[PDB]
Amino acid sequence: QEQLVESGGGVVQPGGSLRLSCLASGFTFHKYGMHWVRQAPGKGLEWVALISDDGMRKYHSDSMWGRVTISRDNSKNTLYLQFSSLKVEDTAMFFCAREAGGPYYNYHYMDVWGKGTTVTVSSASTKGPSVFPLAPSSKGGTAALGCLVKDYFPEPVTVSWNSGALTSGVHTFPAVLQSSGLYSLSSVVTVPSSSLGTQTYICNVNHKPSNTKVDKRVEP
Amino acid sequence: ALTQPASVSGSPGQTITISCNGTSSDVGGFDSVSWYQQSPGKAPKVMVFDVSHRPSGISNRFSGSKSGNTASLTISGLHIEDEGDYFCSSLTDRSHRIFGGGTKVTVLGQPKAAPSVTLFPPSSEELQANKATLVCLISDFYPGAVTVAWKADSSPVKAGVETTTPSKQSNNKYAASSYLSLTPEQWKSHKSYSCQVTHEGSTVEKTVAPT
Ligand SMILES: *[C@@H]1O[C@H](CO)[C@@H](O)[C@H](O)[C@H]1NC(C)=O
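Residues numbered from 1 in each chain as written, not as in the entry; some residues may be left out. Chains lettered and ligands numbered in written order. Heavy atoms only, no water.

- Chain B is annotated in the PDB entry as PG-16 Light Chain Fab of Homo sapiens.
- The title line of the PDB record says "Structure of PG16, an antibody with broad and potent neutralization of HIV-1".

- Per the PDB entry, chain A goes by the name PG-16 Heavy Chain Fab and belongs to Homo sapiens.

1. Digging into the interface of chain A and chain B
Right, so step 1: Listed by partner, the interface residues are 43 residues for chain A and 42 residues for chain B.
Right, so step 2: Summed over both partners, the interface of chain A with chain B comes to about 3400 Å²; 64% of that surface belongs to carbon and sulfur atoms.
Right, so step 3: Considering only the side of chain A, the residues that lose the most area to chain B are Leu 45, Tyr 109 and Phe 173 of chain A, jointly responsible for 18% of the buried surface there.
Right, so step 4: Taken together, chain A and chain B are joined by 5 salt bridges.
Right, so step 5: Here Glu 99 of chain A makes a salt bridge to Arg 97 of chain B, at a shortest N to O gap of 3.0 Å.
Right, so step 6: Here chain A and chain B share 9 residue pairs in polar contact between them.
Right, so step 7: Ranked by the residues each element gives to the side of chain A that touches chain B, the list is headed by strand β10 (residues 105-113) of chain A, at 6 residues.
Right, so step 8: Residue classes in the side of chain A that touches chain B are distributed as 23 nonpolar, 11 polar and 9 charged. (Contact = heavy atoms within 4.5 Å. Buried area = accessible area lost by both parts, 1.4 Å probe. Salt bridge = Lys/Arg side-chain N within 4 Å of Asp/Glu carboxyl O. Polar contact = N/O pair within 3.5 Å; in protein donor to acceptor, adjacent residues only side chain to side chain. Helix = DSSP H or I, 4+ residues; strand = E, 2+ residues; numbered from the N terminus. Nonpolar A, V, L, I, M, F, W, Y, C, P; charged D, E, K, R; others polar.)

Shown next, in the form of structure tokens:
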């Protein structure tokens, strides 16, 4: 049946170039236009390019600023997307999609999608995190304090509190990819204000990749 | 980008509608509006095309419409299996395609829950390391859809904002986090910095100050 599989993603360096590929099957490739659609992490779908059945006509998004070139090889039943001057803000998943059509006229919607390939653009190797304490502010009833675990690459980093002896009231959030190409994440614990200055709140951060373990006391 | 509501929610069986406000160069200039459903960790799926048409083998409880420059997607008798993100898309004047920003559809299964909001200022340790970051934490809300708007003093702010996608806590409610990246000089320059989370109509706000 009708299928597309994207491949060629992975981690790439800013300023560098890259070529993604979509391999088709289950339908007569050379009869359909093909698009690329991208999706940055947690944002919307976003159109990138369309190429005609015979590959002699290309259309690109004006907001790619000419950095992407779509192409295809109908002998290989394969579609391609090429970059140059990659940027961190290019980080996204990349979906290949078919332009629905028939007696062929293009019908103006995408009826076949691959499970895309992910492109992560970062200039970093294995960066261990900085851990800054989010101290409890002047309140009191309930106190919220935490640890800010930023500037690290790659994912993931794991976080416990008081060496796992503290578990109730812990919200460890998912990681954001910053403008820099590095990740930040946060962990808060909700504790009684009365326990400040008598309990000790330390957060234990392990970044397996850069083999960095760190404990930070969070105090008022 | 065509404009969709960040979030629309309905209970099972109920009938719900997602709007797609465009311009006369796209939605209004053609009859080539399609809608895609993307479920958690999947590749999008065509639901509607040419405004109101449904592909072979797609539930009749999905229907599309258009008035002027806005299209609509209607889902009558919501099922749980419908939850996901939905995008409108249109042909344009320049023979390009364009998508809407998307709408998270939730099928309510528990009572509404307002988000608890906490906002931390830059730590001292970060400022000395010549950096600054406001961290706005959000938890305990249902449905799991929030809009996070930042403001320096009274005026809006879009540069340096990074917001996560809500995830399910162990209490089956949702949490998200939002970071505003500053320079030590920007932080010090302003009087305050509010972080406003809007959830199902209501808006909780928290505020922090330099000294
Ligand atoms: C989209 O809706 C807004 C009002 O909510 C309006 O400004 C705009 O004209 C609408 N588009 C049309 C023509 O339906």
